[PDB]
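**Student:** Could you have a look at this structure, given as structure tokens, before my questions?
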Amino acid sequence: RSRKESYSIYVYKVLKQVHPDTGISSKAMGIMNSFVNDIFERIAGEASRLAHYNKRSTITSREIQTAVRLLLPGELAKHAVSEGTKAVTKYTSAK
Amino acid sequence: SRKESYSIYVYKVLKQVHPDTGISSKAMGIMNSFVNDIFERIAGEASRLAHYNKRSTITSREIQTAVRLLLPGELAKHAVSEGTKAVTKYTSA
Amino acid sequence: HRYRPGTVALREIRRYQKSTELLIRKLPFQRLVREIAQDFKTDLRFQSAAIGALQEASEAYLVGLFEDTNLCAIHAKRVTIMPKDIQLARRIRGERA
Amino acid sequence: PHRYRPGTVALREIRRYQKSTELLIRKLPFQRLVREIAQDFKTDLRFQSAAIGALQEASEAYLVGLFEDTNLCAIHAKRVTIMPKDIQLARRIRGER
Amino acid sequence: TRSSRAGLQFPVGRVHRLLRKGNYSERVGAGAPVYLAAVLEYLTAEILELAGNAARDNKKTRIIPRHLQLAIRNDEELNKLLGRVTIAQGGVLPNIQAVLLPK
Amino acid sequence: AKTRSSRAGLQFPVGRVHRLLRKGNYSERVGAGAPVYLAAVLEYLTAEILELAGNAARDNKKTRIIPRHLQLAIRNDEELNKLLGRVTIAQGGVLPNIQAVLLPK
Amino acid sequence: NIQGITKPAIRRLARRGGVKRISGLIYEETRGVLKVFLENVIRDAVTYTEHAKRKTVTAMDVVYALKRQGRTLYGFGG
Amino acid sequence: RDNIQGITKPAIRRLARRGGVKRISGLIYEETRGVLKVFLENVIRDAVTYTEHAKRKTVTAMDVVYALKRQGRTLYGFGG
DNA sequence: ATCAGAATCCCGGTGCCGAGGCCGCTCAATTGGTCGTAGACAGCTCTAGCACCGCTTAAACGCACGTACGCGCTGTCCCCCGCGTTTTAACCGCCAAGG
DNA sequence: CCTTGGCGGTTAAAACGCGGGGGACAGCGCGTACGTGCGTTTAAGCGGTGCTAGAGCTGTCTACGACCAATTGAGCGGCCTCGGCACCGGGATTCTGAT
């Protein structure tokens with residue numbers, strides 16, 4: 001009876017944010033729950049490689065910023081890093 | 001500083017296996033770079049295995065399973081046969 | 001009426017790329033898996049999800065390998081494939097030396 | 001001083017390339033190519049001689065393996081000469097573009 | 001969730017714990033989880049931005065496993081990410097060869 | 001005796017692997033028997049390499065092991081070469097191979 | 001057994017991959033092409049079963065096998 | 001500048017021969033240049049990016065080894 | 001162009017069992033106190049990199065002789081595909097264990 | 001409580017011949033360019049030699065995110081209504097073959 005983490009409504013919420021009217025069937029949820037976490041694992045492994053190679057035991061926000069640019073093309077990673085930095089700045093400035 | 005490697009460990013192992021054949025230290029660095037990648041792969045595999053079982057530490061059984069996972073049947077069998085005596089002798093002394 | 005051998009073949013080529021329906025039945029795949037796995041160990045219980053995932057992966061792999069084989073044949077400017085085509089397809093990837 | 005038919009010294013030359021281990025590529029041209037390529041990324045940079053030697057050796061090994069792949073494709077195609085389309089087929093199978 | 005005050009849908013705590021549960025490093029800054037969650041949210045946003053469009057193109061609103069896979073292969077950057085990994089019931093984009101087609 | 005390595009008849013140091021696992025953050029808890037086992041694993045791993053290196057040494061009637069000798073040794077065998085499929089030896093070279101079509105007609 | 005795969009099944013598979021005609025000696029290889037391709041994968045899985053310490057193979061051992069072999073599958077808990 | 005074409009044709013011919021090829025076509029060299037451009041691009045981006053993450057503007061030998069190991073090109077004899 | 005032959009595709013009509021909004025619990029996400037430590041700035045050394053510069057040769061470009069393998073005809077022979085007839089067992093719906 | 005075994009049965013997944021016909025593929029007619037030797041050029045190959053610019057390492061700080069202890073409400077686990085999309089017959093047609 002373990003309440004394991006999933007993307008049941010996270011996908012639905014971000015879907016509403018990107019598309020007010022679009023449904024997704026649970027068979028596609030089976031794809032997403034694995035694919036999103038696997039991209040997460042890819043990024044986490046790249047960050048671990050960056051931290052271990054430069055002899056760092058403490059990981060800051062700068063590791064992922066360029067780990068994405070290594071893991072993604074420049075065009076795709078540029079928007080990602082811009083949005084991530086903006087979100088971090090907004091979170092810091094807010095409460 | 002103290003840069004620990006198997007520079008003389010590999011020499012002693014060679015002397016045990018083929019003492020009449022020499023090597024060069026460039027081959028020693030080659031073996032170092034080899035065992036570095038091998039150890040990184042082994043550590044990753046064992047970490048994933050322990051995570052699958054939700055384990056915080058790595059025991060000899062997990063290492064044996066990883067040896068079977070990575071090394072071929074002959075090589076894994078040889079490694080297990082050589083390593084069981086290792087822990088057996090380590091228990092006594 | 002009777003068509004050329006290849007018109008229906010190209011119809012099949014076009015249609016099979018928009019259908020994910022499994023060609024070979026699951027029982028032969030189970031027979032293969034069980035017979036091969038009997039070598040390693042007995043008492044192996046293959047749940048339905050694992051069988052389905054492995055079946056889909058095998059079918060996708062075979063379709064991709066056939067695509068590489070056809071690409072090599074096109075490189076050889078031929079329609080009918082030859083054993084060296086699939087040999088090269090599995091050779092270039094590095095799985096075969 | 002006599003001239004031989006095609007294939008006599010060429011294969012010998014191939015042996016001269018395969019038996020030997022030192023870098024057949026001359027150093028400074030590829031060094032300046034690396035300089036120019038990296039200068040397009042960020043200006044006023046300094047690159048270590050040990051690093052550029054490792055890069056050149058890696059490039060040589062990658063190229064020789066790539067021409068091994070091209071040879072395999074050409075043999076599968078029933079030809080002796082290698083062509084760019086052999087590499088075009090091989091790279092797409094390997095997945096590097 | 002502190003992701004609500006961060007302008008992020010994906011909760012920060014799950015990313016932070018998954019980093020801590022995965023034992024990828026001894027210490028992690030506060031920026032790494034929020035930044036990673038933002039990156040994942042943006043990545044899935046482009047996933048759903050094309051997935052919704054693909055669903056709407058077929059006079060459809062619900063998304064099937066076939067609907068997502070095409071959007072993966074429709075791109076070239078997204079295809080680069082999922083280059084050697086196959087998705088179940090995903091298949092391949094249609095492709096017809098002219099040399100195979102009759103004259 | 002006193003040293004852990006020499007007590008159990010293992011030349012490779014258990015302490016090196018133990019220290020790597022501990023200060024590598026791979027896991028919060030790090031075993032002691034597992035480094036003991038992996039020390040012997042690495043010992044046999046290097047012993048096999050030095051086993052075929054000696055045989056490749058007399059192929060050219062040479063004693064110093066050079067990258068050419070390593071490429072002549074490791075690549076010919078199967079298990080290590082397949083496990084090291086993405087491994088290249090610096091300044092080593094390739095095995096002398098002549099393909100079937102390499103004769104003029 | 002080894003020849004349990006039927007010829008028209010391979011013929012339709014080649015149609016799916018885009019092959020109009022198949023030479024005579026290819027078929028015997030084709031069936032084998034799957035076998036080892038499965039073998040290596042399950043060559044991991046049974047070993048994962050040894051790590052699984054369970055007589056029943058869950059759907060996550062095959063996820064391990066496909067992750068290590070390079071053919072990871074999504075959609076079905078992968 | 002323009003050293004991508006500055007790679008000598010006989011060098012590419014020697015590499016192709018070392019790839020065990022008996023007859024060498026004149027279009028092989030240009031295709032080799034085009035492929036090697038991107039092949040060097042990937043590894044240079046990887047290594048220089050590893051250097052950049054460490055707040056360095058001079059790339060050492062170790063970052064090259066790390067990037068090659070990540071890409072699957074671990075290099076012996078140079079450290080690593 | 002000038003006929004036919006099947007087989008898809010939309011339109012009208014039919015289902016459907018889980019998709020999506022909602023009940024609930026409940027424990028992980030989130031937040032107020034506390035610490036310590038490797039991240040972090042700055043400086044000494046320095047050392048191999050950058051660059052210049054002096055003395056030297058197989059490699060690079062082209063000129064020139066030859067024939068033969070790749071490219072296009074020239075059959076050539078052909079063996080699995082559409083079509084035709086024939087075999088069979090797979091798995092939704094059922095039962096049971098069973099572990 | 002999900003996972004394993006076992007009958008219903010009957011039409012689709014094969015399962016094996018017949019005609020065959022464009023294509024796979026082994027021989028001929030024909031070219032230029034690559035093998036190969038060499039004329040000519042040289043720019044790199046090898047090696048002193050000074051300037052140096054942040055990396056390696058160490059002096060000197062130190063901010064805030066990991067450990068603790070406490071509160072809640074997001075979201076996952078599940079449950080009910082009906083519906084977005086799968087699916088079967090009738091026209092529109094949409095491919096192609098043989099002449």
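Letters A, B, ... mark the chains of the structure tokens in the order given; residue numbers begin at 1 per chain; ligand numbers begin at 1, in order shown.
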Show me which bits of chain C are within 9 Å of chain F, counting only C-alpha atoms, as number ranges by chain.
**Tutor:** C: 94-95, 97
**Student:** At a cut-off of 9 Å, which residues of chain A touch chain I? Count only C-alpha atoms (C1' of nucleotides) and give the answer as a PyMOL selection string.
**Tutor:** chain A and resi 3+23-26+56-58
**Student:** For segment 48-62 of chain C, list every protein, DNA or RNA residue within 10 Å, evaluated using only C-alpha atoms (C1' of nucleotides), and leave out those in the same chain fewer than 4 positions away; present the list as a PyMOL selection string.
**Tutor:** (chain C and resi 20-26+29-30+33+66-68) or (chain E and resi 85-92) or (chain G and resi 10+13-14+16-17+30+33-35+37-38+41-42+57-63+66+71-78) or (chain J and resi 3)
**Student:** Counting only C-alpha atoms (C1' of nucleotides), collect the residues of chain J whose closest atom lies at most 9 Å from chain E, and write them out as a list in words.
**Tutor:**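 The answer, sorted by residue number, is residues 64, 65, 66, 74, 84 and 85 of chain J.
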**Student:** Which neighbours of residue 4 of chain A fall inside 12 Å, counting only C-alpha atoms (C1' of nucleotides), when residues of the same chain fewer than 3 positions from it are skipped, and could you give them as a compact mmCIF listing (two decimals) with C-alpha atoms (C1' of nucleotides), in the first residue's frame?
**Tutor:**
# COMPACT_ATOMS: atom_id res chain seq x y z
CA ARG A 1 0.00 0.00 0.00
CA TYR A 7 2.68 12.02 -13.23
CA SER A 8 -1.08 11.40 -13.14
CA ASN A 33 5.68 8.27 -16.78
CA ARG E 14 10.00 15.30 -5.60
CA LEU E 18 14.83 11.81 -6.17
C1' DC I 27 2.50 10.88 4.32
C1' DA I 28 5.79 13.39 1.74
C1' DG J 75 -1.67 14.38 -5.04
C1' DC J 76 -1.88 9.72 -5.51
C1' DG J 77 -5.06 5.54 -4.85
**Student:** Using only C-alpha atoms (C1' of nucleotides), which residues sit within 8 Å of segment 56-62 of chain D once same-chain residues fewer than 5 positions away are excluded, as an NGL selection string?
**Tutor:** (:D and (23 or 25 or 30)) or (:F and (88 or 90-91)) or (:H and (15 or 36 or 40 or 75))
**Student:** Please dump the current selection as an mmCIF file, in the first residue's frame; keep N, CA and C atoms.
**Tutor:**
data_model
loop_
_atom_site.group_PDB
_atom_site.id
_atom_site.type_symbol
_atom_site.label_atom_id
_atom_site.label_comp_id
_atom_site.auth_asym_id
_atom_site.auth_seq_id
_atom_site.Cartn_x
_atom_site.Cartn_y
_atom_site.Cartn_z
ATOM 1 N N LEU D 23 52.376 8.350 -35.796
ATOM 2 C CA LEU D 23 51.354 9.119 -36.493
ATOM 3 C C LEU D 23 51.764 9.376 -37.937
ATOM 4 N N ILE D 25 49.923 10.967 -40.134
ATOM 5 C CA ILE D 25 49.553 12.345 -40.428
ATOM 6 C C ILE D 25 50.612 13.285 -39.872
ATOM 7 N N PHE D 30 47.493 19.470 -39.097
ATOM 8 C CA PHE D 30 46.331 19.160 -38.272
ATOM 9 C C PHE D 30 46.314 20.018 -37.013
ATOM 10 N N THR F 88 40.019 2.061 -27.410
ATOM 11 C CA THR F 88 41.124 2.191 -28.349
ATOM 12 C C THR F 88 42.414 2.413 -27.572
ATOM 13 N N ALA F 90 46.101 3.954 -27.368
ATOM 14 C CA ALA F 90 46.833 5.060 -27.973
ATOM 15 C C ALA F 90 48.133 4.573 -28.595
ATOM 16 N N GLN F 91 48.391 5.020 -29.826
ATOM 17 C CA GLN F 91 49.626 4.712 -30.549
ATOM 18 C C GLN F 91 49.829 3.205 -30.691
ATOM 19 N N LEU H 15 45.082 7.121 -44.871
ATOM 20 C CA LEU H 15 44.135 6.617 -43.877
ATOM 21 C C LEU H 15 43.183 5.592 -44.487
ATOM 22 N N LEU H 36 34.519 14.345 -40.845
ATOM 23 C CA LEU H 36 35.451 14.660 -39.771
ATOM 24 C C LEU H 36 35.167 16.022 -39.162
ATOM 25 N N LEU H 40 34.873 15.999 -35.189
ATOM 26 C CA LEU H 40 35.673 16.861 -34.327
ATOM 27 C C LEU H 40 34.800 17.866 -33.588
ATOM 28 N N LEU H 75 40.687 6.704 -24.084
ATOM 29 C CA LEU H 75 42.004 6.706 -24.700
ATOM 30 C C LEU H 75 43.052 6.287 -23.680
#
**Student:** Can you tell me which residues surround residue 65 of chain C at a distance of at most 9 Å, considering only C-alpha atoms (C1' of nucleotides), apart from same-chain residues fewer than 6 positions away, and format the answer as a PyMOL selection string?
**Tutor:** (chain C and resi 86+89-90) or (chain G and resi 17)
**Student:** Please find the residues of chain A near chain B - the criterion being any atom within 12 Å, counting only C-alpha atoms - and write them as a ChimeraX atom specification.
**Tutor:** /A:41,45,48-49,52-53
**Student:** Please report as a PyMOL selection string which residues of chain F come no farther than 12 Å from chain H, using only C-alpha atoms.
**Tutor:** chain F and resi 66-68+70-71+84-105
**Student:** Pull the helix (DSSP H, G or I) assignments for segment 8-69 of chain H out of DSSP run on the backbone, and list those residues as a PyMOL selection string.
**Tutor:** chain H and resi 9-18+28-53+61-69
**Student:** Using only C-alpha atoms, find each residue of chain F with at least one atom at most 8 Å away from an atom of chain B; report its shortest atom-to-atom pair and that distance in Å (one decimal), sort the rows by chain and rising residue number, and return the result as CSV.
**Tutor:**
residue,atom,partner,partner_atom,distance
F:1,CA,B:93,CA,7.8
F:4,CA,B:90,CA,7.8
F:7,CA,B:93,CA,5.5
F:8,CA,B:90,CA,4.5
F:9,CA,B:86,CA,7.1
F:10,CA,B:86,CA,7.0
F:11,CA,B:9,CA,6.4
F:12,CA,B:9,CA,5.8
F:13,CA,B:9,CA,8.0
F:16,CA,B:4,CA,7.6
F:21,CA,B:43,CA,7.9
F:26,CA,B:47,CA,6.6
F:27,CA,B:56,CA,6.1
F:28,CA,B:56,CA,6.3
F:29,CA,B:57,CA,4.7
F:30,CA,B:57,CA,5.1
F:31,CA,B:58,CA,5.6
F:32,CA,B:59,CA,8.0
F:33,CA,B:60,CA,6.1
F:34,CA,B:60,CA,4.6
F:36,CA,B:87,CA,6.8
F:37,CA,B:83,CA,5.7
F:38,CA,B:63,CA,7.3
F:40,CA,B:83,CA,5.6
F:41,CA,B:79,CA,5.9
F:42,CA,B:35,CA,7.8
F:43,CA,B:13,CA,7.2
F:44,CA,B:79,CA,6.7
F:46,CA,B:10,CA,7.3
F:47,CA,B:13,CA,6.5
F:50,CA,B:14,CA,6.2
F:51,CA,B:17,CA,6.8
F:54,CA,B:21,CA,6.2
F:57,CA,B:21,CA,7.8
F:63,CA,B:22,CA,5.4
F:64,CA,B:23,CA,4.5
F:65,CA,B:23,CA,4.4
F:66,CA,B:27,CA,6.5
F:67,CA,B:27,CA,6.9
F:79,CA,B:72,CA,6.7
F:83,CA,B:71,CA,7.7
F:89,CA,B:30,CA,7.9
**Student:** Which residues are close to residue 81 of chain D, i.e. within 12 Å by only C-alpha atoms (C1' of nucleotides), leaving aside same-chain residues fewer than 6 positions away? Reply as a ChimeraX atom specification.
**Tutor:** /D:67,70-75 /F:101-102,104 /H:13,16-17,20-28 /I:69-70 /J:33-34
**Student:** Can you spit out the residues from that selection as a PDB file, in the first residue's frame, using C-alpha atoms (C1' of nucleotides)?
**Tutor:**
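Everything below was put into result_1.pdb:
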ATOM      1  CA  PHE D  67      37.397   3.522 -43.606  1.00  0.00           C
ATOM      2  CA  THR D  70      33.605   1.934 -45.774  1.00  0.00           C
ATOM      3  CA  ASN D  71      35.612  -1.093 -46.930  1.00  0.00           C
ATOM      4  CA  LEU D  72      33.001  -3.428 -45.441  1.00  0.00           C
ATOM      5  CA  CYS D  73      30.195  -1.552 -47.206  1.00  0.00           C
ATOM      6  CA  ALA D  74      32.106  -1.602 -50.506  1.00  0.00           C
ATOM      7  CA  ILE D  75      32.798  -5.343 -50.228  1.00  0.00           C
TER       8      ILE D  75
ATOM      9  CA  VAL F 101      38.854  -8.677 -52.164  1.00  0.00           C
ATOM     10  CA  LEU F 102      42.369  -7.260 -51.662  1.00  0.00           C
ATOM     11  CA  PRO F 104      43.837  -7.342 -58.169  1.00  0.00           C
TER      12      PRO F 104
ATOM     13  CA  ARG H  13      44.384   8.345 -49.002  1.00  0.00           C
ATOM     14  CA  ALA H  16      41.801   4.911 -46.361  1.00  0.00           C
ATOM     15  CA  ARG H  17      44.549   2.450 -47.321  1.00  0.00           C
ATOM     16  CA  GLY H  20      42.337  -1.823 -45.955  1.00  0.00           C
ATOM     17  CA  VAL H  21      41.037  -0.341 -49.225  1.00  0.00           C
ATOM     18  CA  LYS H  22      42.835  -1.090 -52.499  1.00  0.00           C
ATOM     19  CA  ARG H  23      41.421   1.558 -54.890  1.00  0.00           C
ATOM     20  CA  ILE H  24      40.778   5.107 -53.664  1.00  0.00           C
ATOM     21  CA  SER H  25      38.288   7.401 -55.392  1.00  0.00           C
ATOM     22  CA  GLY H  26      38.783  11.150 -55.636  1.00  0.00           C
ATOM     23  CA  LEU H  27      35.492  11.977 -53.911  1.00  0.00           C
ATOM     24  CA  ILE H  28      36.489  10.040 -50.771  1.00  0.00           C
TER      25      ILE H  28
ATOM     26  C1'  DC I  69      37.511  -2.462 -62.863  1.00  0.00           C
ATOM     27  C1'  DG I  70      33.444   0.102 -62.795  1.00  0.00           C
TER      28       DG I  70
ATOM     29  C1'  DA J  33      41.973   7.433 -63.606  1.00  0.00           C
ATOM     30  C1'  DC J  34      44.272   5.431 -60.298  1.00  0.00           C
TER      31       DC J  34
END
**Student:** Could you please select, counting only C-alpha atoms (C1' of nucleotides), the residues of chain D within 8 Å of chain I and state them as an NGL selection string?
**Tutor:** :D and (46-49)
**Student:** Dump N, CA and C atoms for the selected residues as a PDB file, in the first residue's frame?
**Tutor:**
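Output contents, as saved in again39.pdb:
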ATOM      1  N   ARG D  46      44.171  29.028 -25.496  1.00  0.00           N
ATOM      2  CA  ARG D  46      45.423  28.290 -25.475  1.00  0.00           C
ATOM      3  C   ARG D  46      45.126  26.815 -25.245  1.00  0.00           C
ATOM      4  N   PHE D  47      45.698  25.958 -26.088  1.00  0.00           N
ATOM      5  CA  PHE D  47      45.401  24.532 -26.067  1.00  0.00           C
ATOM      6  C   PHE D  47      46.689  23.742 -25.895  1.00  0.00           C
ATOM      7  N   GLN D  48      46.675  22.801 -24.957  1.00  0.00           N
ATOM      8  CA  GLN D  48      47.890  22.101 -24.569  1.00  0.00           C
ATOM      9  C   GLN D  48      48.345  21.132 -25.655  1.00  0.00           C
ATOM     10  N   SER D  49      49.668  20.990 -25.775  1.00  0.00           N
ATOM     11  CA  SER D  49      50.236  20.091 -26.774  1.00  0.00           C
ATOM     12  C   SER D  49      49.844  18.645 -26.503  1.00  0.00           C
TER      13      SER D  49
END
**Student:** May I ask which of the residues H:37, H:55, H:14, H:70 is the closest one to chain B, counting only C-alpha atoms?
**Tutor:**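 Closest to chain B of all the choices is H:70.
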**Student:** Would you list, as a list in words, the residues of chain G that end up in strand (DSSP E) under DSSP run on this structure's backbone?
**Tutor:** residues 56, 57, 73 and 74 of chain G
**Student:** Please check the contacts: residues of chain D at most 8 Å away from chain C, using only C-alpha atoms, listed as an MDAnalysis selection string.
**Tutor:** chainID D and resid 69 72:73 76:77 85:86 89:90 93:94
**Student:** For the residues in that selection, give me C-alpha atoms as a compact mmCIF listing (two decimals), in the first residue's frame.
**Tutor:**
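Contents of again21.txt, as written:
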# COMPACT_ATOMS: atom_id res chain seq x y z
CA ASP D 69 33.41 0.46 -42.26
CA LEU D 72 33.00 -3.43 -45.44
CA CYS D 73 30.19 -1.55 -47.21
CA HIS D 76 29.12 -5.97 -49.46
CA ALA D 77 28.36 -3.92 -52.59
CA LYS D 85 27.79 6.92 -50.48
CA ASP D 86 29.37 3.98 -48.65
CA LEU D 89 25.08 4.45 -45.59
CA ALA D 90 27.51 3.48 -42.81
CA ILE D 93 23.45 2.90 -39.50
CA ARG D 94 25.91 3.94 -36.77
**Student:** Pull the closest atom pair for each residue of chain D that gets at most 9 Å from chain F, along with the distance in Å to one decimal, counting only C-alpha atoms, ordering rows by chain and then ascending residue number, as JSON lines.
**Tutor:**
{"residue": "D:6", "atom": "CA", "partner": "F:104", "partner_atom": "CA", "distance": 7.4}
{"residue": "D:7", "atom": "CA", "partner": "F:104", "partner_atom": "CA", "distance": 5.9}
{"residue": "D:8", "atom": "CA", "partner": "F:104", "partner_atom": "CA", "distance": 8.6}
{"residue": "D:11", "atom": "CA", "partner": "F:102", "partner_atom": "CA", "distance": 7.9}
{"residue": "D:15", "atom": "CA", "partner": "F:96", "partner_atom": "CA", "distance": 7.4}
{"residue": "D:18", "atom": "CA", "partner": "F:96", "partner_atom": "CA", "distance": 5.9}
{"residue": "D:19", "atom": "CA", "partner": "F:96", "partner_atom": "CA", "distance": 6.8}
{"residue": "D:20", "atom": "CA", "partner": "F:93", "partner_atom": "CA", "distance": 7.5}
{"residue": "D:21", "atom": "CA", "partner": "F:93", "partner_atom": "CA", "distance": 5.5}
{"residue": "D:22", "atom": "CA", "partner": "F:91", "partner_atom": "CA", "distance": 6.5}
{"residue": "D:23", "atom": "CA", "partner": "F:91", "partner_atom": "CA", "distance": 7.6}
{"residue": "D:54", "atom": "CA", "partner": "F:90", "partner_atom": "CA", "distance": 8.1}
{"residue": "D:57", "atom": "CA", "partner": "F:90", "partner_atom": "CA", "distance": 6.9}
{"residue": "D:58", "atom": "CA", "partner": "F:90", "partner_atom": "CA", "distance": 7.9}
{"residue": "D:61", "atom": "CA", "partner": "F:88", "partner_atom": "CA", "distance": 7.7}
{"residue": "D:64", "atom": "CA", "partner": "F:94", "partner_atom": "CA", "distance": 8.8}
{"residue": "D:71", "atom": "CA", "partner": "F:99", "partner_atom": "CA", "distance": 8.9}
{"residue": "D:75", "atom": "CA", "partner": "F:101", "partner_atom": "CA", "distance": 7.2}
{"residue": "D:78", "atom": "CA", "partner": "F:101", "partner_atom": "CA", "distance": 8.9}
{"residue": "D:79", "atom": "CA", "partner": "F:101", "partner_atom": "CA", "distance": 8.4}
{"residue": "D:80", "atom": "CA", "partner": "F:101", "partner_atom": "CA", "distance": 6.9}
**Student:** Just need the residues of chain E within 8 Å of chain F, counting only C-alpha atoms, so spit them out as a PyMOL selection string.
**Tutor:** chain E and resi 23-26
